[PDB]
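Worksheet: the structure to be examined is printed underneath.
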Amino acid sequence: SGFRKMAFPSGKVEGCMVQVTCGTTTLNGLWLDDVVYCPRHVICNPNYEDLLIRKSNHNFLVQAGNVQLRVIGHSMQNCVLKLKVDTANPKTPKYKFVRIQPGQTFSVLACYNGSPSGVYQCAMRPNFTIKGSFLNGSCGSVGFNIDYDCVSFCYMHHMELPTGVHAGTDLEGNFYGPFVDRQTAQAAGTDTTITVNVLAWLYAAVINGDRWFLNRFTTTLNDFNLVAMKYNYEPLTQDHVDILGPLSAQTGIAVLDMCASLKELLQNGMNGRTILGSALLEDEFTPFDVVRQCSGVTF
Amino acid sequence: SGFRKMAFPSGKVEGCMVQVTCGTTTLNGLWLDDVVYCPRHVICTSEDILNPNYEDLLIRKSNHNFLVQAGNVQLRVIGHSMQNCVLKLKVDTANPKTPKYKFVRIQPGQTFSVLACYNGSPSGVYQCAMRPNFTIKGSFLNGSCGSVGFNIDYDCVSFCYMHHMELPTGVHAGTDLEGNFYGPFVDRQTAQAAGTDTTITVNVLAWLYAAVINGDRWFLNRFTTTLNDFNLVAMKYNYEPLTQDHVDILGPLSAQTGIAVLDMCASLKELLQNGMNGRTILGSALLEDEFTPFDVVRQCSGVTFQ
Ligand SMILES: *C(=N)[C@H](C[C@@H]1CCNC1=O)NC(=O)[C@@H]1[C@@H]2[C@H](CN1C(=O)[C@@H](NC(=O)C(F)(F)F)C(C)(C)C)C2(C)C
Ligand SMILES: *C(=N)[C@H](C[C@@H]1CCNC1=O)NC(=O)[C@@H]1[C@@H]2[C@H](CN1C(=O)[C@@H](NC(=O)C(F)(F)F)C(C)(C)C)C2(C)C
């Protein structure tokens, strides 16, 4: 037993990380087959479309470990630059590019000079930011899920907002949230709590013998969602209640039963108690995360 | 900016994990050059685990009683030897993916990454601390035994923990990679309970310095303290004594923030006296003790946000 904020094994992604230099700008690239993907801001209100067509190939210094890759082509896709190189990455995993929804979780491999430094677990916030841990040179660091042996890349890191939270794109260069890759004034919107994830975490508490917060009462979506949006919680939809099904049977607490416990916790707080060693309601574990860690699924 | 329970990238440990089978017992092993290291209780059956005589169970085994599997490849065992509570299986192939490594015994308070494994396949990576009472708060199911804890320093992997068992309080016990248990535990299903746990004071102070570095000062006060007055108060909250070594180790974080270690001790003292006042620090409503001074310096700017 035990419950931990657990990342995916980073091995397969570690094999894809390289260093990209264009002038004084250094950051991280993802080398898949014969293409390196990185933030287009490496070339730097700029003018990218124009800037890149001007720039020749030997201007992009691409270092993989000690080796250098020769760039035989460039091209823009939204906010990501694609650098064509002479050689396919022999360590290339089975992979795809996915776009995740807010509330969905993923593992970040934090990198500096194409060198992996750390791995942590993240949720795409409702306001399309992530609460990451990123310094200078972190740009091009990626977010991923692993499904059997297939790496789904969902995030590339671009920037830090003034509140200390982070913004990036999918691997096709589409931003998460209403942001731009320009030195301009940008803020995170007001965030909400991922209700379905809090409930999933309460089910993990129960599975691990942490049960003081349960009660006799049940509720309805309406009454709950009226209390929720008061405490800046996402609406719990009927889809959410379906996903929690597995955990509701496996424990014998009913989702609208668990909604009554969570209501009670929002109104009365914790009474100097913890749940799985937290004094806050944790919203960065999906139902899938909880079933996977409490089942022991491997990669 | 930001502050996360970061683990080390697991790739270099992933390439070492194998599955070890003895009769009906399968657990994970660690394949480094031509040796596979695993918990010796792989040779135990259901009837052995209360008073196993390992020397006696082992003398009754051939090399070919050990099935070792690295992905699809069954490796061939050519030698076996017990060292403390680890079995070492000599195999015909040296692991081509063996990293630069060493084995280290860590002290309570020290952190490391755990690669949770089942059937020699990795399930996930998380960060742990050796609790003062020599346990870890892991996430570990049936078959997780042989999973390892590690730090990475440039390219070199220091193996510090191997998982053996779960104690009645839901917390975990294991050995160094020389097979010597952390704490007063034994690889037997006999009555075993963890010492009462304590908060790792030096680590909480480190994490308060992290909070100042990311620009949060709401919990500082204008007081100082003697180390001894601080320790007299800290013991009353089940905090580990802070020693002069601990104060020395905090020197750098003190210099980066301009806040004296004993002034940070005055803040912690007040935080214990009052709690959070419905406020949080680095996203936690509790005082965090699983970040070392080395961790904070590693993950934090080097330039304080004010
Ligand atoms: C990539 N290597 C860095 C990562 C940053 C640095 C501090 N922590 C991080 O996550 N990315 C950048 O430097 C990007 C890059 C220009 C400016 N920038 C920022 O992150 C800046 N923020 C913003 O521009 C703002 F306000 F809009 F969010 C900075 C002020 C340096 C934090 C570009 C092209 C956006
Ligand atoms: C390794 N595969 C397991 C790991 C355990 C299983 C559940 N969670 C874990 O981390 N190791 C064992 O099953 C060891 C093994 C015999 C018994 N054992 C235990 O962990 C048991 N606990 C104890 O014996 C206790 F509490 F006294 F320390 C168990 C009750 C099954 C969790 C041996 C030889 C110690």
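Going through the structure tokens in order, the chains are called A, B, and so on, while each chain numbers its residues from 1 and the ligands are numbered from 1 in the order shown.
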Within 9 Å of ligand 2 (counting only C-alpha atoms and all ligand atoms), which residues show up? I'd like them as number ranges by chain.
A: 1-2; B: 25-28, 39-42, 44-46, 48-50, 52, 118, 138-147, 163-173, 185-193
So that each row is one residue of chain A with an atom at most 10 Å from ligand 1, can you give its shortest atom pair and the distance in Å to one decimal, using only C-alpha atoms and all ligand atoms, rows by chain and rising number, as CSV?
```
residue,atom,partner,partner_atom_place_in_ligand_line,distance
A:25,CA,ligand 1,2 (N),8.6
A:26,CA,ligand 1,2 (N),7.7
A:27,CA,ligand 1,2 (N),5.8
A:28,CA,ligand 1,2 (N),8.1
A:39,CA,ligand 1,34 (C),8.4
A:40,CA,ligand 1,34 (C),8.4
A:41,CA,ligand 1,34 (C),5.0
A:42,CA,ligand 1,34 (C),7.8
A:43,CA,ligand 1,34 (C),9.6
A:44,CA,ligand 1,34 (C),7.7
A:45,CA,ligand 1,34 (C),9.5
A:46,CA,ligand 1,34 (C),9.2
A:111,CA,ligand 1,2 (N),9.6
A:112,CA,ligand 1,2 (N),8.4
A:113,CA,ligand 1,2 (N),9.8
A:132,CA,ligand 1,10 (O),8.1
A:133,CA,ligand 1,10 (O),7.5
A:134,CA,ligand 1,10 (O),4.5
A:135,CA,ligand 1,8 (N),4.2
A:136,CA,ligand 1,6 (C),4.2
A:137,CA,ligand 1,2 (N),3.6
A:138,CA,ligand 1,2 (N),4.5
A:139,CA,ligand 1,1 (C),3.6
A:140,CA,ligand 1,2 (N),7.3
A:141,CA,ligand 1,2 (N),8.7
A:157,CA,ligand 1,1 (C),7.2
A:158,CA,ligand 1,11 (N),5.2
A:159,CA,ligand 1,20 (O),3.3
A:160,CA,ligand 1,20 (O),3.9
A:161,CA,ligand 1,28 (F),3.7
A:162,CA,ligand 1,26 (F),5.9
A:163,CA,ligand 1,28 (F),9.0
A:164,CA,ligand 1,8 (N),7.9
A:165,CA,ligand 1,10 (O),7.9
A:166,CA,ligand 1,10 (O),6.0
A:167,CA,ligand 1,28 (F),7.8
A:168,CA,ligand 1,10 (O),9.4
A:179,CA,ligand 1,27 (F),7.7
A:180,CA,ligand 1,35 (C),7.2
A:181,CA,ligand 1,35 (C),4.3
A:182,CA,ligand 1,35 (C),4.6
A:183,CA,ligand 1,24 (O),4.1
A:184,CA,ligand 1,27 (F),5.0
A:185,CA,ligand 1,26 (F),5.3
A:186,CA,ligand 1,27 (F),4.7
A:187,CA,ligand 1,28 (F),7.0
A:188,CA,ligand 1,28 (F),8.9
```
I need the residues from that last selection saved to file as a PDB file, in the first residue's frame (with C-alpha atoms), if you can.
```pdb
ATOM      1  CA  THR A  25      19.661  31.202 -27.435  1.00  0.00           C
ATOM      2  CA  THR A  26      20.118  27.602 -26.119  1.00  0.00           C
ATOM      3  CA  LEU A  27      17.204  25.271 -25.159  1.00  0.00           C
ATOM      4  CA  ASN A  28      15.887  21.666 -25.483  1.00  0.00           C
ATOM      5  CA  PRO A  39       9.813  26.192 -29.351  1.00  0.00           C
ATOM      6  CA  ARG A  40       9.974  28.494 -32.424  1.00  0.00           C
ATOM      7  CA  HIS A  41      11.100  31.365 -30.045  1.00  0.00           C
ATOM      8  CA  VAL A  42      14.674  29.791 -30.220  1.00  0.00           C
ATOM      9  CA  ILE A  43      15.237  31.786 -33.513  1.00  0.00           C
ATOM     10  CA  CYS A  44      14.646  35.172 -31.675  1.00  0.00           C
ATOM     11  CA  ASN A  45       6.726  41.319 -31.231  1.00  0.00           C
ATOM     12  CA  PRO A  46       9.021  39.224 -33.514  1.00  0.00           C
ATOM     13  CA  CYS A 111      15.776  19.449 -19.073  1.00  0.00           C
ATOM     14  CA  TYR A 112      18.705  21.925 -19.376  1.00  0.00           C
ATOM     15  CA  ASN A 113      21.133  21.907 -22.386  1.00  0.00           C
ATOM     16  CA  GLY A 132       5.598  23.372 -12.945  1.00  0.00           C
ATOM     17  CA  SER A 133       9.209  23.827 -11.751  1.00  0.00           C
ATOM     18  CA  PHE A 134      11.226  25.511 -14.527  1.00  0.00           C
ATOM     19  CA  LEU A 135      14.309  27.809 -14.645  1.00  0.00           C
ATOM     20  CA  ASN A 136      16.196  29.427 -17.593  1.00  0.00           C
ATOM     21  CA  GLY A 137      16.887  26.857 -20.393  1.00  0.00           C
ATOM     22  CA  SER A 138      13.849  24.637 -19.428  1.00  0.00           C
ATOM     23  CA  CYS A 139      12.019  25.572 -22.721  1.00  0.00           C
ATOM     24  CA  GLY A 140      11.513  22.507 -24.963  1.00  0.00           C
ATOM     25  CA  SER A 141      11.114  20.240 -21.860  1.00  0.00           C
ATOM     26  CA  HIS A 157       7.352  24.169 -22.307  1.00  0.00           C
ATOM     27  CA  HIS A 158       7.487  27.836 -23.567  1.00  0.00           C
ATOM     28  CA  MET A 159       7.106  30.379 -20.705  1.00  0.00           C
ATOM     29  CA  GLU A 160       6.537  31.416 -17.059  1.00  0.00           C
ATOM     30  CA  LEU A 161       3.636  33.742 -16.090  1.00  0.00           C
ATOM     31  CA  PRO A 162       4.079  36.354 -13.313  1.00  0.00           C
ATOM     32  CA  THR A 163       2.213  34.213 -10.680  1.00  0.00           C
ATOM     33  CA  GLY A 164       5.123  31.659 -11.033  1.00  0.00           C
ATOM     34  CA  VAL A 165       2.986  29.175 -13.097  1.00  0.00           C
ATOM     35  CA  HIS A 166       3.826  27.856 -16.611  1.00  0.00           C
ATOM     36  CA  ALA A 167       2.425  27.872 -20.209  1.00  0.00           C
ATOM     37  CA  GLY A 168       3.247  25.772 -23.322  1.00  0.00           C
ATOM     38  CA  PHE A 179      -1.318  32.892 -24.393  1.00  0.00           C
ATOM     39  CA  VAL A 180       1.280  34.012 -27.029  1.00  0.00           C
ATOM     40  CA  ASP A 181       5.095  33.326 -27.298  1.00  0.00           C
ATOM     41  CA  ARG A 182       5.977  37.084 -27.096  1.00  0.00           C
ATOM     42  CA  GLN A 183       7.566  39.237 -24.348  1.00  0.00           C
ATOM     43  CA  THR A 184       4.159  40.867 -23.552  1.00  0.00           C
ATOM     44  CA  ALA A 185       2.015  41.295 -20.372  1.00  0.00           C
ATOM     45  CA  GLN A 186       0.104  38.011 -19.738  1.00  0.00           C
ATOM     46  CA  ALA A 187      -1.554  36.650 -16.551  1.00  0.00           C
ATOM     47  CA  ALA A 188      -3.101  33.290 -15.592  1.00  0.00           C
TER      48      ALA A 188
END
```
Using only C-alpha atoms, what does the table of chain A residues within 10 Å of chain B look like, with each row giving the shortest atom pair and its distance in Å to one decimal, sorted by chain and ascending number, as CSV?
```
residue,atom,partner,partner_atom,distance
A:1,CA,B:140,CA,5.3
A:2,CA,B:139,CA,4.1
A:3,CA,B:139,CA,5.2
A:4,CA,B:139,CA,6.0
A:5,CA,B:126,CA,6.5
A:6,CA,B:126,CA,4.9
A:7,CA,B:125,CA,5.2
A:8,CA,B:124,CA,4.7
A:9,CA,B:124,CA,5.2
A:10,CA,B:10,CA,5.6
A:11,CA,B:11,CA,3.4
A:12,CA,B:11,CA,7.1
A:13,CA,B:11,CA,8.5
A:14,CA,B:11,CA,6.6
A:15,CA,B:11,CA,8.4
A:108,CA,B:6,CA,9.6
A:109,CA,B:9,CA,7.4
A:110,CA,B:9,CA,9.0
A:111,CA,B:9,CA,9.9
A:115,CA,B:154,CA,9.7
A:116,CA,B:9,CA,6.6
A:117,CA,B:9,CA,6.7
A:118,CA,B:8,CA,4.8
A:119,CA,B:7,CA,5.3
A:120,CA,B:6,CA,5.0
A:121,CA,B:6,CA,8.4
A:122,CA,B:4,CA,9.4
A:130,CA,B:2,CA,9.9
A:131,CA,B:2,CA,6.7
A:132,CA,B:2,CA,5.7
A:133,CA,B:2,CA,4.3
A:134,CA,B:1,CA,5.6
A:135,CA,B:1,CA,6.0
A:136,CA,B:301,CA,8.6
A:160,CA,B:1,CA,7.6
A:161,CA,B:1,CA,9.5
A:162,CA,B:1,CA,9.6
A:163,CA,B:1,CA,9.3
A:164,CA,B:1,CA,5.5
A:165,CA,B:2,CA,6.8
A:166,CA,B:2,CA,8.7
A:208,CA,B:170,CA,8.4
A:209,CA,B:170,CA,9.3
A:269,CA,B:278,CA,10.0
A:272,CA,B:275,CA,9.8
A:274,CA,B:286,CA,9.3
A:277,CA,B:286,CA,8.7
A:278,CA,B:286,CA,7.1
A:279,CA,B:285,CA,5.5
A:280,CA,B:285,CA,6.2
A:292,CA,B:123,CA,8.7
A:293,CA,B:139,CA,7.9
A:294,CA,B:141,CA,7.9
A:295,CA,B:141,CA,8.0
A:296,CA,B:123,CA,6.4
A:297,CA,B:123,CA,5.8
A:298,CA,B:123,CA,4.0
A:299,CA,B:122,CA,5.7
```
As a PDB file with C-alpha atoms, in the first residue's frame, please: every residue in range 191-247 of chain A that a backbone DSSP assignment puts in helix (DSSP H, G or I).
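What ended up in out-v6.pdb:
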```
ATOM      1  CA  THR A 195     -13.612  18.228  -8.645  1.00  0.00           C
ATOM      2  CA  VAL A 196     -13.467  14.767 -10.347  1.00  0.00           C
ATOM      3  CA  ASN A 197      -9.750  14.512  -9.256  1.00  0.00           C
ATOM      4  CA  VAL A 198     -10.448  15.502  -5.596  1.00  0.00           C
ATOM      5  CA  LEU A 199     -13.148  12.729  -5.509  1.00  0.00           C
ATOM      6  CA  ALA A 200     -10.687  10.197  -7.107  1.00  0.00           C
ATOM      7  CA  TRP A 201      -8.111  11.130  -4.378  1.00  0.00           C
ATOM      8  CA  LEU A 202     -10.768  10.681  -1.611  1.00  0.00           C
ATOM      9  CA  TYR A 203     -11.353   7.152  -3.080  1.00  0.00           C
ATOM     10  CA  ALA A 204      -7.511   6.569  -2.876  1.00  0.00           C
ATOM     11  CA  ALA A 205      -7.623   7.722   0.822  1.00  0.00           C
ATOM     12  CA  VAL A 206     -10.416   5.154   1.550  1.00  0.00           C
ATOM     13  CA  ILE A 207      -8.560   2.328  -0.394  1.00  0.00           C
ATOM     14  CA  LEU A 221     -25.319  16.610  -8.834  1.00  0.00           C
ATOM     15  CA  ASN A 222     -27.488  19.807  -8.713  1.00  0.00           C
ATOM     16  CA  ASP A 223     -27.163  20.489  -4.930  1.00  0.00           C
ATOM     17  CA  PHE A 224     -23.454  19.462  -5.016  1.00  0.00           C
ATOM     18  CA  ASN A 225     -22.696  21.612  -8.141  1.00  0.00           C
ATOM     19  CA  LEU A 226     -24.480  24.586  -6.439  1.00  0.00           C
ATOM     20  CA  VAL A 227     -22.094  24.164  -3.412  1.00  0.00           C
ATOM     21  CA  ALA A 228     -19.128  23.442  -5.815  1.00  0.00           C
ATOM     22  CA  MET A 229     -19.273  26.650  -7.955  1.00  0.00           C
ATOM     23  CA  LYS A 230     -19.583  28.593  -4.625  1.00  0.00           C
ATOM     24  CA  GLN A 238     -22.565  13.006 -15.312  1.00  0.00           C
ATOM     25  CA  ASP A 239     -19.538  11.784 -17.389  1.00  0.00           C
ATOM     26  CA  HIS A 240     -17.294  12.288 -14.273  1.00  0.00           C
ATOM     27  CA  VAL A 241     -19.749  10.201 -12.148  1.00  0.00           C
ATOM     28  CA  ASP A 242     -19.434   7.345 -14.743  1.00  0.00           C
ATOM     29  CA  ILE A 243     -15.549   7.410 -14.654  1.00  0.00           C
ATOM     30  CA  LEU A 244     -15.623   7.187 -10.795  1.00  0.00           C
ATOM     31  CA  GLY A 245     -17.881   4.053 -11.106  1.00  0.00           C
ATOM     32  CA  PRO A 246     -14.924   1.588 -10.816  1.00  0.00           C
ATOM     33  CA  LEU A 247     -13.655   3.246  -7.567  1.00  0.00           C
TER      34      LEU A 247
END
```
Give the strand (DSSP E) residues of range 102-218 of chain A, as assigned by DSSP on the backbone, as a VMD selection string.
chain A and resid 105 to 112 115 to 123 142 to 147 150 to 160 166 to 169
Atom-to-atom span, CA of residue 30 in chain A and CA of residue 175 in chain A, Å
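Pair CA of residue 30 in chain A / CA of residue 175 in chain A returns 17.3 Å.
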So the first atom is CA of residue 194 in chain B and the second is CA of residue 241 in chain B; what is the distance between them in Å, to one decimal place?
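CA of residue 241 in chain B lies 19.1 Å from CA of residue 194 in chain B.
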For residue 93 in chain A, which residue among A:148, A:65, A:60, A:74 is the nearest when counting only C-alpha atoms?
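Closest residue, counting only C-alpha atoms: A:148.
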Of the candidates B:96, B:184, B:109, B:71, which one gets nearest to residue 34 in chain B if we count only C-alpha atoms?
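The closest residue to residue 34 in chain B is B:96.
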